[PDB]
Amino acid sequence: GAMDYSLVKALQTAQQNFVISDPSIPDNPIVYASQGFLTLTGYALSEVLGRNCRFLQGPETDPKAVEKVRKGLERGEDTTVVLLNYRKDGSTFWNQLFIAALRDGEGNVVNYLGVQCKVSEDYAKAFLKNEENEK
């Protein structure tokens, strides 16, 4: 299960926000979310489970950031982005996402792990300016 991964245990001991998805199920839904993620977003665990995490996006989310995530998942790459997300009540926050594939012995992706850090507007600006300059 989700909490059997050693890196998940490690993340828990530091009270990180994270989610685990299951890409063997159509549309790669969330199958575990940590307490910090639930508090940050305003959803109960049961409500999150079964949703693709794109449910945190909304009209002011930059589709270019979302496309970077999509392509990373498609190309088998680790990906790090900052993008605007939305809580259950519609309020917004900047979310720094760190996503990686969890693989079996043969390279098959068996789950994805995504860590989330709420970041300040100032930090998001500077991150995104750096990303842009570095393109």
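From 1 onward, residues are counted along the sequence shown.
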Higher average CA B factor in the deposited record is what I'm after, so tell me if that's 14-22 or 117-125. 117-125
Residue stretch of maximal mean CA temperature factor, 105-113 vs 24-32: 105-113
Comparing C-alpha B-factors across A100, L40, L97, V66 in this entry, the winner is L40
With respect to C-alpha B-factor, does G50 fall in the lowest, middle or highest third of the chain as deposited? lowest
Check where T79 lands among this chain's C-alpha B-factors and tell me if it's the lowest, middle or highest third. middle
